[PDB]
Amino acid sequence: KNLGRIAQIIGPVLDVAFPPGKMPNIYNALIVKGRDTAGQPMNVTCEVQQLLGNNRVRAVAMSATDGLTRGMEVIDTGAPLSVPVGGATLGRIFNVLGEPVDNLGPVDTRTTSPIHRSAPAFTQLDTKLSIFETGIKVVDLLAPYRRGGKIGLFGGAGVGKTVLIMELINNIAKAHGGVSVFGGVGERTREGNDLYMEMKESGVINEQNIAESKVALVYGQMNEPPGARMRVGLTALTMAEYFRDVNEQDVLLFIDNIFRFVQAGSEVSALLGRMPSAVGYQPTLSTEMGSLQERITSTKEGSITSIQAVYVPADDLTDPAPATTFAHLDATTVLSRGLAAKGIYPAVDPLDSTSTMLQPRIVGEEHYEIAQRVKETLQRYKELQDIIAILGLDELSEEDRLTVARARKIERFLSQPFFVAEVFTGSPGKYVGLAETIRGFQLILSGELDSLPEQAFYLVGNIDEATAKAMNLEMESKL
Amino acid sequence: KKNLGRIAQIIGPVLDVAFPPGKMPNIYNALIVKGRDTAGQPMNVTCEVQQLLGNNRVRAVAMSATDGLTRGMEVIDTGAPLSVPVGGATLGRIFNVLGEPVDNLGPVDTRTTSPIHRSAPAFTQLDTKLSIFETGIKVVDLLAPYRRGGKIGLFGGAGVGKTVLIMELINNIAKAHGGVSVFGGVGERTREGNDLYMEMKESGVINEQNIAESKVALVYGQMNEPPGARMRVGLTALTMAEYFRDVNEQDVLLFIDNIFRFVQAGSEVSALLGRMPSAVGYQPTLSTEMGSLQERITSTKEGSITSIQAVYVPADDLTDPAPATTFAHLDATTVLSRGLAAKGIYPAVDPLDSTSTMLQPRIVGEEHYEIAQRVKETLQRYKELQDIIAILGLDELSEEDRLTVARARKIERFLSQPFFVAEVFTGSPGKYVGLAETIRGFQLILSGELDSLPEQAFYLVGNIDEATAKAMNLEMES
Amino acid sequence: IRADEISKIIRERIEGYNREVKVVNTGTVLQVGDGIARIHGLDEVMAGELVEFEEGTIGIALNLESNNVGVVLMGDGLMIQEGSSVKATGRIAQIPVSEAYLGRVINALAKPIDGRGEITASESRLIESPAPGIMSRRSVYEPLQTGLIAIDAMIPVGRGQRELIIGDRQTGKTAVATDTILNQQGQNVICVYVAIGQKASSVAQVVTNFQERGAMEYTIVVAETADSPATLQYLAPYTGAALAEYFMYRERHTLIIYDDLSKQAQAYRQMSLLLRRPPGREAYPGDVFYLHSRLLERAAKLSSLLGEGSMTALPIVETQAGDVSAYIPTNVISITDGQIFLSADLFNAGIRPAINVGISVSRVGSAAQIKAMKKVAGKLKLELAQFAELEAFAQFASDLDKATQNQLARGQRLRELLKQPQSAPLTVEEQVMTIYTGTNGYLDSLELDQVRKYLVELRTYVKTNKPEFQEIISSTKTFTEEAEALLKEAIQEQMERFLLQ
Amino acid sequence: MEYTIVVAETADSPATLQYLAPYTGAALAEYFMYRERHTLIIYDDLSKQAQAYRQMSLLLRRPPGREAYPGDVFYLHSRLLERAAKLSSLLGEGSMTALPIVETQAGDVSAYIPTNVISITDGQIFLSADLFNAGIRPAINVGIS
Amino acid sequence: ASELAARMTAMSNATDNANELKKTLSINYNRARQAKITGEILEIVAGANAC
Ligand SMILES: Nc1ncnc2c1ncn2[C@@H]1O[C@H](COP(=O)(O)OP(=O)(O)OP(=O)(O)O)[C@@H](O)[C@H]1O
Ligand SMILES: Nc1ncnc2c1ncn2[C@@H]1O[C@H](COP(=O)(O)OP(=O)(O)OP(=O)(O)O)[C@@H](O)[C@H]1O
Ligand SMILES: Nc1ncnc2c1ncn2[C@@H]1O[C@H](COP(=O)(O)OP(=O)(O)O)[C@@H](O)[C@H]1O
C-alpha cells in the first residue's frame with residue numbers, strides 16, 4: 001500500500017507490521033504522522049535496521065516515543081532517509097531528518113542526498129599527505145595535524161575537549177576558505193548553544209546575512225532518542241559528503257561526540273533483539289565506526305578534514321569504543337585527568353597523543369628532534385614522579401634532577417591560554433606560532449632558560465611573554 | 001472458607017498454585033497449604049503469594065520446608081495477609097516466622113493479632129526531635145552518636161565483631177532506658193540466638209515464670225530457615241515493634257541482625273521467581289524491599305522505634321548494593337573494618353565512615369561536636385599518612401607528623417573499649433564509660449596530658465583514669 | 001459541622017455532570033507480578049497513559065507488545081483481580097501546577113503529603129515536556145549564589161547552569177544542597193528540593209530545618225518514601241522538572257535539587273528489569289543515560305523571547321568508594337554542566353565543604369558569576385590547583401625555594417580561607433571581601449591558623465564600619481577603586497585590631 | 001575406624017553427588033548425635049562442595065550471583081552447618097561439633113565462600129602457607145584465629 | 001659511615017616493605033580483576049540468554 005501497523009513499541013524501538021504486498025528494505029525512513037497527545041498533526045520519523053519476519057519490521061525512531069500508539073499507520077518513503085544538502089543548507093541549525101530547528105524560515109529543500117551511502121574506496125581517497133598547523137602550541141608541536149587527515153580528541157570526563165573544539169574552530173574556521181560543518185552529535189545542548197552564540201558573535205555564521213556562512217550547524221540532542229543520535233552523525237557526515245563530492249571543497253567537520261553515537265547505537269541494539277558485546281557496547285561497534293571513518297576520507301575529488309571529540313567513559317583506553325576509535329584515527333590527542341588536575345590546559349597526555357604526521361622528513365629534521373627530546377624528558381619525568389613521591393626530588397640524583405625540573409617547566413609552558421577560555425582563566429588567550437613554540441622549547445630542553453621560575457611558564461603563549469612574566473615574578477619576589 | 005483448590009507447580013522453595021477462575025487471592029496475602037507428611041497432614045505448610053501468573057494461577061513463596069507436598073494438594077486460601085500474634089503474648093516468648101511459639105511454651109492467645117505488613121507510616125507521623133541517647137561504648141559515644149527513634153546501622157563483614165557488639169549493646173540497654181525491647185533475628189546463628197536468649201534469661205530481663213512481664217519479644221528467625229521464612233521474619237519483628245509503638249505507644253528497642261540475610265533470601269527467591277537478576281547477584285527489587293523494611297521503621301509521634309540493625313557486608317565490599325541501599329536508608333553508619341580486628345582492637349571500628357547526622361553541634365553541644373572533629377581530623381590525617389608510611393618506614397616524616405601519628409594511634413588504641421560480655425571470650429571483664437569520660441579522655445589525649453605513656457597504656461581500657469592506673473602498673477612492672 | 005450545609009454543593013456537583021459519550025480503551029489485566037501489570041487486550045493505549053485499575057492504584061504503560069502491555073503500578077496494587085477491567089485514562093501523565101504548592105510536601109502523583117490541604121490547580125503539565133529549543137535559549141550569563149564560599153569562588157553556579165553536586169555518601173551533600181537552597185532568601189529563586197529514595201525521617205529533618213530557616217515558604221519538596229513503588233520513585237524527578245517548568249515558563253527563574261539521582265536510576269532499573277527490558281552494562285538498563293538526559297535537559301536558562309528565567313539544576317549523584325568509574329556517575333558527568341566532588345578525605349580533613357578543585361570543575365565559568373569577583377580572582381582557581389600540586393610536591397620539603405615557599409604559604413592561607421563554619425551563608429560581598437583579602441596578600445604575613453578569626457573580625461568590622469561598600473558593589477557588581485579603598489582601609493584597621501590582639 | 005564412618009566421594013564423582021554427600025554425612029551424624037552420643041563431623045572440603053553446587057546450579061541454568069556463585073549457597077551451607085549443634089538433656093544432650101574444612105585461596109578471606117562460611121560458624125581457625133613453609137607445623141596463626 | 005648505614009637500613013627496610021606491599025597489591029589486583037571480569041561475563045551472558 002504501503003500502510004502497515006506498529007505491533008510493538010518498546011522504548012524507541014518500533015515493531016512495525018506490514019501486509020505481505022510490501023515489506024520495505026533496510027534503512028528506509030518511515031513516518032508515523034498526524035497524531036499526538038493534543039490531537040496534533042505531529043509526525044515522528046523512524047528508520048529500520050532489523051526486519052523480524054512475517055512481513056514485519058522493528059524500527060528505530062528519530063524522535064520521542066510519546067504520541068504514537070500501537071496499531072497506527074506508517075508511511076515509508078520507499079527510500080532511505082535523505083538529508084537536505086547544499087549551500088542553502090549552510091547557516092541554519094537543523095535536525096537529523098533535516099528540519100531547520102532554527103525556528104525561522106526553512107532552508108530550500110530541493111537537493112537531498114540519502115543519509116546512508118557508499119564509502120569512498122581508497123582509489124578515490126586522496127593519498128596526498130599534508131601538514132596542518134592550528135596555532136595551539138602542544139598540538140602543532142607534538143601532535144601536528146594533517147590538512148586532510150582524521151583528527152581525534154580522546155577526551156576525559158569533561159575536561160578540555162569541547163572547549164578545545166571551540167578554540168580550534170575559532171582559530172581555523174576563518175583560516176580555511178573552504179566550507180565547514182559542525183556536527184552536534186549528542187552534544188550538550190546549552191554548550192552547543194554557546195558554540196552557536198560564538199558563531200553568531202565571530203560572524204562565522206553571519207547572523208545578519210546567511211548562506212555565506214562557510215560553517216554549517218547541525219545538532220542532535222542528548223535528550224533526543226538514541227534513534228535520533230544513531231543517525232545525526234550520519235546526517236552531519238552526509239552534509240560534509242555532499243560538500244566533499246558535489247561542492248568538492250576543503251571541508252571541516254567537528255563532530256562531538258562520537259562516543260555519543262556509539263552509546264546510542266549500543267543503547268538501541270540492546271533493545272532491538274540483539275545480544276550485548278564486551279563492556280559498554282553493541283556488537284556492531286566496529287562496523288559503525290567503519291561506516292563513519294570510511295566515509296570521512298579526503299578524496300582525490302575533494303579534500304576533507306574531519307576533527308572529532310572522543311569521550312571515553314571511565315577515562316581509559318582499554319574501553320572497546322576507543323579501542324576501535326584509535327584504530328580508525330590518524331591524529332589522536334589524548335587528554336589527561338592528571339594534567340587537568342594540575343590545571344595544565346589542554347590537559348593532553350603527550351606520551352599518549354601522537355600522530356602519523358610526526359615524521360621527521362615531514363615536520364623538519366630539527367622540529368622532529370625538538371619533539372623527540374621533549375617527549376623523552378617528559379616520559380622520563382612521568383617515569384620518575386612515583387619514586388619522587390616516596391623518596392624526594394632532592395634525593396633523586398642530579399642527572400635526572402635537572403631533567404625533572406626541566407620537564408616540569410615544559411608541560412606548564414605548553415599549557416597555553418585560549419581566546420575563549422579567558423572566562424575560565426582570567427587572561428585572554430594567545431594564538432601561538434609553531435616557530436615561537438620550537439624556539440621556546442629549544443630554549444627549555446637545551447637548558448638555557450633553566451634560570452627562570454617554573455610558574456613563569458605557567459599559562460603563557462610565547463616564551464618572550466614567559467621571560468616577561470619571569471621578570472615580573474622576580475620583581476614581585478623583591479616586592 | 002475462601003477459595004480452595006490445587007497447587008499446580010512446585011519449584012523447590014517456590015510454588016505455583018492454580019485456583020478457581022472466578023476469584024484469585026490478593027497479592028502479598030498469605031494462605032496455608034494442607035498437603036501431606038509422614039504422620040498426619042499438618043498445616044505446617046504455610047505459604048504466601050508473590051505473583052499471580054496467568055491461567056488463574058498464582059506463583060507463591062513458601063514459609064517452611066517444602067518436601068513431601070506435591071502439586072494438586074488441597075490448598076486453602078486464608079484470604080487475609082499473614083496474621084501474627086501481637087501484644088503481651090509476645091513478651092518473652094521466642095516465637096517464629098508465622099508467630100507460633102517455638103519456645104516450648106503454650107500457644108499464645110490469638111485475641112490480638114495483626115497482618116504481616118502494612119503501608120508506610122505518614123509524613124506527619126514521623127517525629128521531629130533528633131533524639132540521642134548514649135550507650136557506653138566510647139567510640140560510638142565519641143564519633144558516631146545514635147539517633148534514637150531513627151535507624152542505627154551495624155556494618156562490616158564476618159568475623160569483625162558485629163553480633164558481639166549487638167550483644168554488648170543489648171547488654172546495656174536491656175536494663176537501661178527504653179520500654180519494650182524486641183529483638184529480631186534475621187538469619188541468625190540459632191545457637192547464638194538461644195545464647196542471647198539464655199543471656200536474657202540469666203540477666204532476667206525476660207521472665208521465667210509470669211513471662212508477660214518481660215518487655216522483650218525475642219522473635220528470632222534462624223539461619224537454617226527456608227528463604228521465604230528468612231524473607232518474612234524481619235516483617236514479623238517490625239510488626240511487633242510497630243504494634244508496640246502504636247498500642248503500647250512505647251520507645252521500642254529494635255535489635256535486628258542481619259538484614260543482608262533478609263535481602264539475600266529475597267535474591268535467592270527471585271532467582272526462582274524468574275525475575276531477571278540485578279547488580280552482581282541480587283534481586284532487582286532489593287531497593288524496594290529495603291525501602292519497606294526501613295520506611296516502616298520510624299520514630300512515631302509517640303513511639304521512638306530505635307532500631308539497631310546489622311548488615312552483613314559481603315566480603316567487605318562497600319560498593320555492593322546491599323550496603324549501598326542501607327547506609328542511605330539509615331542514620332548511624334557503623335562500619336567495622338576487618339583490618340582493625342586483624343590488628344586486634346575490639347570493637348574494630350574505623351572513624352572515617354562510621355558516622356551520623358547526630359554528630360552535629362546543635363544536637364551534641366558544640367563542645368562534643370568539635371571533640372569528635374579533633375578526633376576525626378587527626379585520624380583521617382593518620383590514614384592519609386598511613387598509606388605512605390607503611391612503605392618506607394616511620395621516621396621520614398616531620399616531627400609534627402610523627403607526633404600526630406603517635407597521638408592518632410593514642411586515640412585509636414584508646415578507643416579499645418573492653419566489653420562486659422566479652423569477658424568470657426577474651427578474659428578481661430569489660431568496663432562502662434559515659435560522656436564525662438567521652439570528653440575527658442579526648443581532652444587529655446589532645447592536650448598532651450597523657451603524652452609519654454606507651455601505646456599499651458590505654459589499650460583495652462575505656463576510662464582514661466583506668467588507662468592512667470594501667471600505665472602506673474606497667475611502669476611499675478619493669 | 002455535620003449534615004448541615006454541603007448538600008447544595010452536592011446538588012451542584014451531581015446536576016451538571018458529564019454523561020459523556022467517551023469511548024475508552026479498556027484492558028482485561030492478565031499478568032500482574034511484583035509491581036508490574038502485563039495486561040491482555042488494551043489495544044489503543046498510548047505508551048505513557050495512566051491506566052486506571054479496579055483499585056485506584058493507577059499505572060503508566062511503559063512497554064507494549066503485540067499481545068501484552070508493560071504497565072507499572074504507581075501505587076502498589078496489593079489486590080488486583082485477574083481479568084479486571086483496567087482502562088486507560090487517555091491523558092498522558094499530566095501534572096497540575098500552581099504557586100500554592102510553595103511549601104507543601106508533595107508526592108509524585110501531585111499529591112500533598114504535607115498535611116496542609118489539597119491544592120487548587122489549573123494547568124495540566126506533561127511529564128515528558130521536552131527541552132527548550134537550541135536557538136531559543138541564551139548562554140548562562142547571569143550569576144546565581146550558593147552561600148558556600150568555595151563553590152562560588154572557584155567553580156561557580158549560574159542561573160540556568162546545571163552544576164552537578166557529586167561525591168561519596170555521608171559527606172554533607174544534602175547539607176550543602178539545603179544550604180544553597182536557604183541561601184536564596186531575596187533572590188526570587190524558587191527551589192524544588194526533589195527528595196528521592198531516602199529516609200522520610202531525613203526529609204522530615206530537612207523540612208524541619210526549612211521551617212526553622214523560613215525557607216519553606218517558597219520551596220517545594222517532592223518527597224519519596226523508600227517504601228514507594230519504584231515507578232513512583234523514579235517518576236518523581238520528572239514531576240519536579242515539570243513543576244519547575246511551570247515557574248520558569250512565566251519569567252521566574254528557579255532552582256531544583258534532585259536528591260538523589262542514583263536512587264532514581266536504581267528504581268528505574270528495577271522497573272525496567274521487572275518489565276523484562278534487557279539490561280545494559282553494570283546490570284543497569286542502558287537508557288538511564290536517556291532518562292537522565294531527558295531529565296537534566298529540561299533544566300536550562302530561558303532567553304528574553306520567552307521569559308529569561310532559568311532552571312539551574314543540582315542533581316546529587318551517589319558514588320561508592322569515591323569512584324567516578326561507576327555507570328551512573330559516568331553518564332551524569334557527561335550530561336551535566338560540570339561536576340563538584342565531596343571527597344571523604346577533604347570532609348573529614350576539615351575542608352567543609354570538601355570541593356577539591358583538582359577534580360571538581362564548573363564548565364561554563366565566570367560569566368555565570370559576578371564581575372566584581374571575576375576582576376578580583378578569576379585566576380585563583382588555577383592558582384589553587386597549582387598550590388594543591390605543589391603541596392603534594394612539598395612532601396619533599398628539605399630546601400624549598402623562597403618563591404615556592406611564598407607560593408605554598410600563600411595557597412595554604414588561601415585554603416584556610418576556603419574553610420567556613422556549618423550553615424554560615426556569607427554575603428556575596430563578604431565572599432568578595434575574603435577573596436580580595438586572599439588575593440592581595442594581606443594575610444600572607446599574618447597568622448596562618450588564625451585566618452578564620454581574622455576573617456570573622458574583618459567581616460564584622462566592615463559590616464559595622466563600611467557597609468556602604470557592600471551596597472555600592474552589589475549595585476554595580478564591579479570591583480572598583482572605591483571597593484579597593486574601603487577594603488584596604490578596613491583591612492589596615494582590623495589587621496591592627498587583631499595584631500593587638 | 002570404629003570411631004569414624006568415612007564418607008568419600010572424589011573429584012570423579014558428579015557435582016550433584018559431591019553436593020549431596022555432606023548432606024548425607026550430616027544426616028547420619030544427626031542420627032548418631034540424636035541417639036544420645038557426642039559426634040564430630042569433618043566436612044573436607046566445603047569449598048569443593050561450593051564449587052560442586054555452583055556447577056550443579058549452572059547446569060540448572062539458574063543465574064549465579066556473587067563471584068558467579070548462586071545466592072542460594074549461604075542458605076545451602078546453613079543447612080549442613082546448622083544441623084550441627086549440642087542438644088540439651090531435654091533430648092539427650094548429644095553434640096555435633098563440626099570441622100568444616102574450607103580452603104581459602106591465597107589468603108583472600110574476603111572471598112565469597114570463605115566469608116560466607118565464616119558468617120555461619122562459631123569462629124575462624126587460621127592456617128597460613130607462610131607459617132607452614134616457615135617450619136611451624138601446624139601453621140595456625142593465633143593472632144586472628 | 002653512620003649516615004650511609006642509616007640510609008642503608010632505611011633502604012633495607014623500604015625494599016622489604018615495598019615487596020610485601022607489592023604482594024598485598026598483587027593479591028588485591030588479582031581479586032579485583034577476577035571480580036570485575038566475572039561480573040562482566042555474568043552480566044553479558046545474562047543479557048544474552050535473557051531472550
Ligand atoms: N568485642 C570483641 N571482643 C573480643 N573478641 C571478639 C569481639 N568481637 C568479635 N570477636 C571475635 O570474633 C568472633 C565472633 O565473630 P564476630 O563477632 O567478629 O563477627 P560476628 O558478629 O559473628 O559476625 P556475623 O554474626 O555476621 O558472622 C569470636 O570468636 C571472637 O573471638
Ligand atoms: N560546612 C560544613 N561544616 C560541618 N559539617 C558539615 C558541613 N557540611 C556538611 N556537614 C556534615 O555532613 C554530614 C552529612 O550530611 P549529608 O547527609 O548531607 O551527607 P550525604 O553525603 O548527603 O549523606 P546522604 O547522601 O546519606 O544524605 C552532616 O551531618 C553535616 O554535619
Ligand atoms: N585548565 C583548564 N583550562 C580551561 N578550561 C578548563 C580547565 N579545567 C577545567 N576547565 C573547564 O572544562 C570545561 C571544558 O570541558 P570539555 O571537556 O572541553 O567539555 P565537556 O566538559 O562538555 O566535555 C570548560 O568549560 C572549563 O570550564
# chains A, B, ... in the order shown; residues from 1 in each chain; ligands from 1
$ closest_atom_pairs --of "chain A" --to "chain C" --cutoff "7 Å" --atoms "only C-alpha atoms" --output "JSON lines"
{"residue": "A:7", "atom": "CA", "partner": "C:66", "partner_atom": "CA", "distance": 5.0}
{"residue": "A:8", "atom": "CA", "partner": "C:65", "partner_atom": "CA", "distance": 4.3}
{"residue": "A:9", "atom": "CA", "partner": "C:64", "partner_atom": "CA", "distance": 5.6}
{"residue": "A:10", "atom": "CA", "partner": "C:63", "partner_atom": "CA", "distance": 4.8}
{"residue": "A:11", "atom": "CA", "partner": "C:63", "partner_atom": "CA", "distance": 6.8}
{"residue": "A:66", "atom": "CA", "partner": "C:47", "partner_atom": "CA", "distance": 6.5}
{"residue": "A:67", "atom": "CA", "partner": "C:46", "partner_atom": "CA", "distance": 6.9}
{"residue": "A:68", "atom": "CA", "partner": "C:46", "partner_atom": "CA", "distance": 6.6}
{"residue": "A:69", "atom": "CA", "partner": "C:46", "partner_atom": "CA", "distance": 4.9}
{"residue": "A:70", "atom": "CA", "partner": "C:44", "partner_atom": "CA", "distance": 6.2}
{"residue": "A:71", "atom": "CA", "partner": "C:44", "partner_atom": "CA", "distance": 6.9}
{"residue": "A:102", "atom": "CA", "partner": "C:135", "partner_atom": "CA", "distance": 5.8}
{"residue": "A:157", "atom": "CA", "partner": "C:333", "partner_atom": "CA", "distance": 6.8}
{"residue": "A:158", "atom": "CA", "partner": "C:334", "partner_atom": "CA", "distance": 6.5}
{"residue": "A:188", "atom": "CA", "partner": "C:335", "partner_atom": "CA", "distance": 6.5}
{"residue": "A:189", "atom": "CA", "partner": "C:134", "partner_atom": "CA", "distance": 6.4}
{"residue": "A:190", "atom": "CA", "partner": "C:139", "partner_atom": "CA", "distance": 6.9}
{"residue": "A:193", "atom": "CA", "partner": "C:134", "partner_atom": "CA", "distance": 5.9}
{"residue": "A:194", "atom": "CA", "partner": "C:139", "partner_atom": "CA", "distance": 5.7}
{"residue": "A:222", "atom": "CA", "partner": "C:293", "partner_atom": "CA", "distance": 5.9}
{"residue": "A:223", "atom": "CA", "partner": "C:294", "partner_atom": "CA", "distance": 4.6}
{"residue": "A:267", "atom": "CA", "partner": "C:286", "partner_atom": "CA", "distance": 5.6}
{"residue": "A:270", "atom": "CA", "partner": "C:278", "partner_atom": "CA", "distance": 6.8}
{"residue": "A:271", "atom": "CA", "partner": "C:278", "partner_atom": "CA", "distance": 6.8}
{"residue": "A:279", "atom": "CA", "partner": "C:281", "partner_atom": "CA", "distance": 6.7}
{"residue": "A:280", "atom": "CA", "partner": "C:281", "partner_atom": "CA", "distance": 6.0}
{"residue": "A:313", "atom": "CA", "partner": "C:330", "partner_atom": "CA", "distance": 6.4}
{"residue": "A:314", "atom": "CA", "partner": "C:325", "partner_atom": "CA", "distance": 4.8}
{"residue": "A:341", "atom": "CA", "partner": "C:358", "partner_atom": "CA", "distance": 4.1}
{"residue": "A:342", "atom": "CA", "partner": "C:385", "partner_atom": "CA", "distance": 5.5}
{"residue": "A:343", "atom": "CA", "partner": "C:382", "partner_atom": "CA", "distance": 5.7}
{"residue": "A:392", "atom": "CA", "partner": "C:396", "partner_atom": "CA", "distance": 4.8}
{"residue": "A:393", "atom": "CA", "partner": "C:396", "partner_atom": "CA", "distance": 6.5}
{"residue": "A:423", "atom": "CA", "partner": "C:366", "partner_atom": "CA", "distance": 5.4}
{"residue": "A:424", "atom": "CA", "partner": "C:365", "partner_atom": "CA", "distance": 5.1}
{"residue": "A:425", "atom": "CA", "partner": "C:379", "partner_atom": "CA", "distance": 5.6}
{"residue": "A:426", "atom": "CA", "partner": "C:378", "partner_atom": "CA", "distance": 4.9}
{"residue": "A:477", "atom": "CA", "partner": "C:403", "partner_atom": "CA", "distance": 6.8}
$ write_last_selection --atoms "N, CA and C atoms" --output "CSV table (one decimal), in the first residue's frame"
chain,number,residue,atom,x,y,z
A,7,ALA,N,3.2,-3.0,15.6
A,7,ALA,CA,2.7,-4.0,16.5
A,7,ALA,C,3.2,-3.9,17.9
A,8,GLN,N,4.5,-3.6,18.1
A,8,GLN,CA,5.1,-3.5,19.4
A,8,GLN,C,6.0,-2.2,19.4
A,9,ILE,N,5.8,-1.5,20.5
A,9,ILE,CA,6.6,-0.3,20.8
A,9,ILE,C,7.2,-0.5,22.1
A,10,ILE,N,8.5,-0.7,22.2
A,10,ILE,CA,9.2,-0.8,23.5
A,10,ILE,C,10.4,0.1,23.4
A,11,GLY,N,10.3,1.2,24.2
A,11,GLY,CA,11.3,2.3,24.1
A,11,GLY,C,11.2,2.9,22.7
A,66,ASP,N,6.7,9.3,22.7
A,66,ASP,CA,5.3,9.8,23.1
A,66,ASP,C,4.6,10.2,21.8
A,67,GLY,N,3.3,10.2,21.9
A,67,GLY,CA,2.4,10.4,20.8
A,67,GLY,C,1.8,9.1,20.2
A,68,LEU,N,2.7,8.2,19.7
A,68,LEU,CA,2.3,7.2,18.8
A,68,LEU,C,1.9,5.9,19.5
A,69,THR,N,0.8,5.3,19.1
A,69,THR,CA,0.2,4.1,19.8
A,69,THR,C,0.1,3.0,18.9
A,70,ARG,N,0.3,1.7,19.4
A,70,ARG,CA,0.3,0.5,18.6
A,70,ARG,C,-1.0,0.4,17.8
A,71,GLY,N,-0.9,-0.1,16.6
A,71,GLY,CA,-2.0,-0.1,15.7
A,71,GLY,C,-2.2,1.2,15.0
A,102,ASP,N,16.2,26.1,13.6
A,102,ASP,CA,16.4,27.5,13.9
A,102,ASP,C,15.2,28.3,14.1
A,157,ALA,N,36.8,12.9,31.4
A,157,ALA,CA,35.4,13.1,31.9
A,157,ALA,C,35.1,14.6,31.9
A,158,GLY,N,34.9,15.2,30.7
A,158,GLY,CA,34.5,16.6,30.5
A,158,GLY,C,35.6,17.5,31.0
A,188,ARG,N,26.0,18.3,24.5
A,188,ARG,CA,25.2,19.1,25.5
A,188,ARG,C,24.6,20.3,24.7
A,189,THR,N,23.3,20.5,24.9
A,189,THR,CA,22.6,21.4,24.1
A,189,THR,C,22.9,22.9,24.5
A,190,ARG,N,23.1,23.2,25.7
A,190,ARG,CA,23.5,24.5,26.1
A,190,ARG,C,24.9,24.9,25.7
A,193,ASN,N,24.7,25.5,22.2
A,193,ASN,CA,24.1,26.8,22.1
A,193,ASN,C,25.2,27.9,22.3
A,194,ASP,N,26.1,27.7,23.3
A,194,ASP,CA,27.2,28.6,23.5
A,194,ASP,C,28.1,28.6,22.2
A,222,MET,N,21.1,15.4,23.2
A,222,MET,CA,21.2,14.4,24.2
A,222,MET,C,19.8,13.9,24.6
A,223,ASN,N,18.9,14.8,24.8
A,223,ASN,CA,17.5,14.5,25.2
A,223,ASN,C,16.7,13.8,24.0
A,267,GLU,N,22.8,1.4,22.8
A,267,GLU,CA,21.5,1.6,23.5
A,267,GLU,C,20.3,0.9,22.8
A,270,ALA,N,20.7,-3.0,22.2
A,270,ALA,CA,20.2,-3.8,23.3
A,270,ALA,C,18.7,-4.1,23.3
A,271,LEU,N,18.0,-3.1,22.8
A,271,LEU,CA,16.5,-3.2,22.8
A,271,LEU,C,16.0,-4.0,21.6
A,279,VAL,N,32.3,-4.9,27.2
A,279,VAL,CA,31.8,-3.8,28.1
A,279,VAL,C,31.5,-2.6,27.3
A,280,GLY,N,30.3,-2.0,27.7
A,280,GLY,CA,29.8,-0.8,27.0
A,280,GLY,C,28.8,-1.0,25.9
A,313,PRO,N,34.4,6.7,28.3
A,313,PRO,CA,33.9,6.6,29.7
A,313,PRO,C,35.0,5.9,30.5
A,314,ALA,N,35.0,6.3,31.8
A,314,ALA,CA,35.9,5.9,32.8
A,314,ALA,C,37.4,6.4,32.5
A,341,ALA,N,44.0,18.2,36.5
A,341,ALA,CA,44.0,18.4,38.0
A,341,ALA,C,45.1,19.4,38.3
A,342,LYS,N,46.2,19.4,37.6
A,342,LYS,CA,47.2,20.4,37.8
A,342,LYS,C,46.9,21.7,36.9
A,343,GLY,N,45.7,21.8,36.4
A,343,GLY,CA,45.3,23.0,35.7
A,343,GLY,C,45.9,23.2,34.3
A,392,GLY,N,61.7,11.8,47.5
A,392,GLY,CA,62.2,13.1,47.4
A,392,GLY,C,63.0,13.5,46.2
A,393,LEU,N,62.6,14.6,45.5
A,393,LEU,CA,63.4,15.1,44.4
A,393,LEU,C,64.8,15.4,44.8
A,423,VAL,N,37.3,33.3,30.1
A,423,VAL,CA,36.3,33.2,31.1
A,423,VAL,C,36.7,32.3,32.2
A,424,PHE,N,37.4,31.2,31.9
A,424,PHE,CA,37.8,30.2,32.9
A,424,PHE,C,39.1,30.5,33.5
A,425,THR,N,39.9,31.4,32.9
A,425,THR,CA,41.3,31.6,33.3
A,425,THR,C,41.5,33.0,33.9
A,426,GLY,N,41.1,34.0,33.2
A,426,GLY,CA,41.3,35.4,33.6
A,426,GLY,C,42.1,36.2,32.6
A,477,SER,N,59.0,39.1,43.7
A,477,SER,CA,59.8,38.5,44.7
A,477,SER,C,60.6,39.5,45.5
$ residues_around --residues "residue 3 of chain D" --least-positions-apart "3" --cutoff "10 Å" --atoms "only C-alpha atoms" --output "PyMOL selection string"
chain D and resi 6+39-40
$ closest_residue --among "A:353, A:333, A:162, A:206" --to "ligand 3" --atoms "only C-alpha atoms and all ligand atoms"
A:162
$ residues_near_ligand --ligand "ligand 1" --cutoff "8 Å" --atoms "only C-alpha atoms and all ligand atoms" --output "VMD selection string"
(chain B and resid 156 to 166 188 to 189 257 to 258 311 to 312 341 345 to 348 418 to 419 422 425 to 426) or (chain D and resid 118 to 124 145)
$ closest_atom_pairs --of "chain D" --to "chain E" --cutoff "12 Å" --atoms "only C-alpha atoms" --output "Markdown table"
| residue | atom | partner | partner_atom | distance |
| --- | --- | --- | --- | --- |
| D:58 | CA | E:42 | CA | 11.3 |
| D:61 | CA | E:49 | CA | 9.8 |
| D:62 | CA | E:46 | CA | 10.4 |
| D:63 | CA | E:46 | CA | 7.4 |
| D:64 | CA | E:42 | CA | 7.8 |
| D:65 | CA | E:42 | CA | 8.0 |
| D:66 | CA | E:39 | CA | 8.2 |
| D:67 | CA | E:35 | CA | 6.3 |
| D:68 | CA | E:38 | CA | 6.8 |
| D:69 | CA | E:42 | CA | 10.4 |
| D:70 | CA | E:42 | CA | 11.5 |
| D:105 | CA | E:31 | CA | 10.0 |
| D:106 | CA | E:27 | CA | 7.6 |
| D:107 | CA | E:27 | CA | 8.7 |
| D:108 | CA | E:27 | CA | 7.8 |
| D:109 | CA | E:31 | CA | 11.0 |
| D:110 | CA | E:31 | CA | 9.3 |
| D:111 | CA | E:31 | CA | 8.4 |
| D:112 | CA | E:35 | CA | 10.5 |
$ interface_residues --of "chain B" --to "chain D" --cutoff "7 Å" --atoms "only C-alpha atoms" --output "list in words"
residues 158, 159, 189, 223, 224, 264, 267, 268, 271, 280, 281, 282, 315, 316 and 342 of chain B
$ write_last_selection --atoms "C-alpha atoms" --output "compact mmCIF listing (two decimals), in the first residue's frame"
# COMPACT_ATOMS: atom_id res chain seq x y z
CA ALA B 158 32.08 -11.61 59.07
CA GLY B 159 34.47 -12.07 61.94
CA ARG B 189 23.09 -18.40 64.09
CA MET B 223 19.54 -19.04 59.58
CA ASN B 224 18.51 -22.64 58.81
CA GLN B 264 19.82 -12.44 50.26
CA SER B 267 17.60 -12.62 45.93
CA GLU B 268 17.51 -16.41 46.10
CA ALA B 271 16.11 -16.29 41.10
CA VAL B 280 26.28 -8.53 40.97
CA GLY B 281 23.81 -11.14 42.18
CA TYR B 282 20.82 -9.84 43.90
CA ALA B 315 33.44 -9.82 51.61
CA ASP B 316 33.93 -6.22 52.82
CA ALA B 342 43.30 -8.16 62.42
